[PDB]
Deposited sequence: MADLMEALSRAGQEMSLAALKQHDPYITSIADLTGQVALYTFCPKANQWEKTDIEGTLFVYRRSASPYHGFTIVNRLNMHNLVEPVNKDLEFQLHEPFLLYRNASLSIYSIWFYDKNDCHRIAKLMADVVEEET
């Protein structure tokens, strides 16, 4: 039953993802708890964000054909397209990444099997842009 509602909310999440971006066809993977950090170069250390929640990797019916979002447990989400300017570095249970703006990030995973699996998935769908 806990998983019935689980399946349910993954159905509703897809749909919510779609109302904000309709090129979206399906969720490729999701995780339990993840939390977002950003790197501050000036101060030279990591800094917490207000972002913490569930991570969804989804496919799109148009380039960029992949994206990922952290739906926050306030209402400010992380949204990130999977293009070739995205680069990753895995340091379990953290997943570091840089994007087009050159801003630096770390996704901490609670479950380190999620960390490995998503890291692998990303690497696959970065090789495909």
Missing C-alpha stretches, by deposited numbering? 1-3, 77, 134
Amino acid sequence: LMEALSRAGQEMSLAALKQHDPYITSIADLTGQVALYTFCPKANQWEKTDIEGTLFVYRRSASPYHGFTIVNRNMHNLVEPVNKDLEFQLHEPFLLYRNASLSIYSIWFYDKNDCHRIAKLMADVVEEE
From here on, numbers count along this sequence of modelled residues.
Comparing 92-100 with 34-42, the one whose average Cα B-factor in the PDB entry is higher: 34-42
In the PDB entry, which of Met75, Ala62, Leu55, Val79 has its C-alpha at the highest B-factor? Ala62
For the chain shown, is the CA B-factor of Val126 in the lowest, middle or highest third of its modelled residues? lowest
Thinking about Cα B factors across the chain, which third does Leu17 belong to? lowest
Mind checking which third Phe109 falls in for C-alpha B-factor across the chain? lowest
